[PDB]
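Consider the single chain below, provided in structure tokens and representing the form deposited without its partner chain.
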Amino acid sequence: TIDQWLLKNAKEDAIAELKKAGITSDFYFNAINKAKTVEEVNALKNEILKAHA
């Protein structure tokens, strides 16, 4: 199974820690659900610190 894959797991979990970080860009929250796996979602949020800040 694992169909849950979609990667929609760390989606809100991470973004939930971003909206408060002060970053509200959609190129980080939107491309978040586009990532591949959880490592790609949490990795994107870690790139904003250098891919935008």
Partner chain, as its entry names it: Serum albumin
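Positions refer to the first chain, counted from 1.
Below, we refer to the form deposited with its partner chain bound, which is not included among the displayed structures.
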* To do: Please check if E39 has a heavy atom lying within 4.5 Å of any heavy atom of its partner chain in the deposited bound form.
  => yes
* Asked: Within a 4.5 Å heavy atom cut-off, is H52 in contact with its partner chain in the deposited bound form?
  -> yes
* Does the 4.5 Å heavy atom contact test between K20 and its partner chain in the deposited bound form come out positive? -> no
* Give a yes/no on whether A10 approaches its partner chain to within 4.5 Å in the deposited bound form, heavy atoms considered. => no
* Asked: Even though the chain is shown alone, can you say which residues of 20-53 have a heavy atom within 4.5 Å of its partner chain in the deposited bound form?
  -> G22, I23, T24, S25, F27, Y28, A31, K34, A35, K36, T37, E39, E40, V41, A43, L44, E47, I48, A51, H52
